[PDB]
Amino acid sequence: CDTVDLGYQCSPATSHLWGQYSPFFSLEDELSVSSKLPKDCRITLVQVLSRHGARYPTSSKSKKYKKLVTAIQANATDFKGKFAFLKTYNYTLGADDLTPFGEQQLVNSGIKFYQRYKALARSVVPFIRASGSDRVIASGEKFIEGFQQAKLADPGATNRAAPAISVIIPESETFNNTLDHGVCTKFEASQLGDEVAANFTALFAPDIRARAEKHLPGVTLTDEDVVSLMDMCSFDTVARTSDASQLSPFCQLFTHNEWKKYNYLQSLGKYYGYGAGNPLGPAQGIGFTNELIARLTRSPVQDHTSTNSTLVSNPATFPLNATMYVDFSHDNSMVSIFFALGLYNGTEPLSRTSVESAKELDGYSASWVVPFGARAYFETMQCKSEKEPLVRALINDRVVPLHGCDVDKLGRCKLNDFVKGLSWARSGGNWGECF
């Protein structure tokens, strides 16, 4: 179901509609030109930003789901139709960790990164950082395994030293971490994303709850419970087999139309939680943006947001000339980063009542942007067509044309023009409002 090149392609009418719980699926050529290296161009630098792989529910969500399944099984006097499996379903999911499928996603992502950037990778040991979350670190280790596997299979490789994760950035409300938000006090107290999600759920869940209650006589569901049951489709799928080759029985409880609503609910939560819908959302991505500018320009970091001055000032933890960089992070931080970079500046504020597709939102959705095992590639290339280095952004294989600069038909801008266009991030944006 899941391949190195294309990601997850089984049951696409369901599995691509789980938002941030969708396994990565390649968006090569989707509302986009090809992501292929253009003729007479050579990559000179690549930065990868990768999410962790598919996982179990967090400890708190796992507790909630188990509580619900138990209550259903205790209250239902019958389990009718498609809900029949809940009579004997046994809740066995863990908490927080990668599933085997999620580990393999990341091995696959490392293989794909080697293959895509083979010309550089043959001689380069990438510089790698990970946010201080066990599933993120584990994802980094699996990416490295895949990278090394592909490199060993390539007779043309000259430097096969394994890259280490050189920096693990602590996750703490008082540690400045560009790969995991937490220090912007006002933002961390924001309820907007949760309120938008709740309001939208109140629109679509009632009909679903009625149908489920009809097929589970004795059971009373809330809106929240409907969403929990829908969440279980993805979580159970990515857990129950090592290759996620069997759709969970939870999945067929809901229609394709309902999956499109669920997918949009997830898009709303990320947009209004972490993206441009949140007044301090894109500010959470400024620190990484300034780190990326430092790498692109081989220059010291200039930032006063979520960088740590000790970490960025030491070559051992922030080398300025490493040619390949790979950073491991989380959905929410990656959404903020993509918005801070201006990559979704063609997306209008999402309707809170009407479902708009990624097609109609200029390529923005949770499933297109931060699926499980999400990856972004930020390239510099030197092309014979242009004296100046050109930058290109690929998000889950889709070329995401740059904003703020004079963008060409291939989605690229000249390096200095791109950096100039990131004036908001370079100034620190509205970070002062944090406090």
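In this text, the rigid core denotes the largest set of C-alpha atoms whose superposition between the two forms falls within 1.5 Å. Numbers for residues come from their place in the sequence shown, where the first is 1.
Novice: Kindly name the stretch, out of 338 to 346 and 351 to 359, whose CA atoms are displaced more from this form in 4 other deposited structures of this protein after the core superposition?
Specialist: Farther on average in 4 other deposited structures of this protein: 351 to 359.
Novice: According to the deposited model, is the average Cα temperature factor higher in 191 to 199 or in 68 to 76?
Specialist: Between 68 to 76 and 191 to 199, it is 68 to 76 that shows the higher mean C-alpha B-factor.
Novice: Read off the CA B-factors in the entry, average them over 35 to 43 and over 366 to 374, and name the higher stretch.
Specialist: Taking the mean C-alpha B-factor of 35 to 43 and of 366 to 374, the larger value falls to 35 to 43.
Novice: Can you tell me which of 307, 278, 228, 158 has the highest Cα temperature factor in the record?
Specialist: Of the options given, 158 has the highest CA B-factor in the PDB entry.
Novice: Compare the CA B factors listed in the entry for 149, 241, 222, 255 and report the winner.
Specialist: Highest C-alpha B-factor among the listed residues goes to 222.
Novice: Classify residue 167 as lowest, middle or highest third according to the C-alpha B-factor given in the PDB entry, relative to its own chain.
Specialist: Middle third, going by the recorded CA B-factors of the chain.
Novice: Thinking about Cα B factors across the chain, which third does residue 17 belong to?
Specialist: Lowest third, going by the recorded CA B-factors of the chain.
Novice: Should residue 60 be placed in the lowest, middle or highest third of its chain by the C-alpha B factor in the entry?
Specialist: Tercile = highest for this residue's CA B-factor.
Novice: What third of the chain does residue 117 rank in for C-alpha temperature factor, lowest, middle or highest?
Specialist: It belongs to the middle third of the chain when residues are ordered by C-alpha B-factor.
Novice: Just say lowest, middle or highest third for the CA B-factor of residue 396 relative to the other modelled residues in its chain.
Specialist: Tercile = lowest for this residue's CA B-factor.
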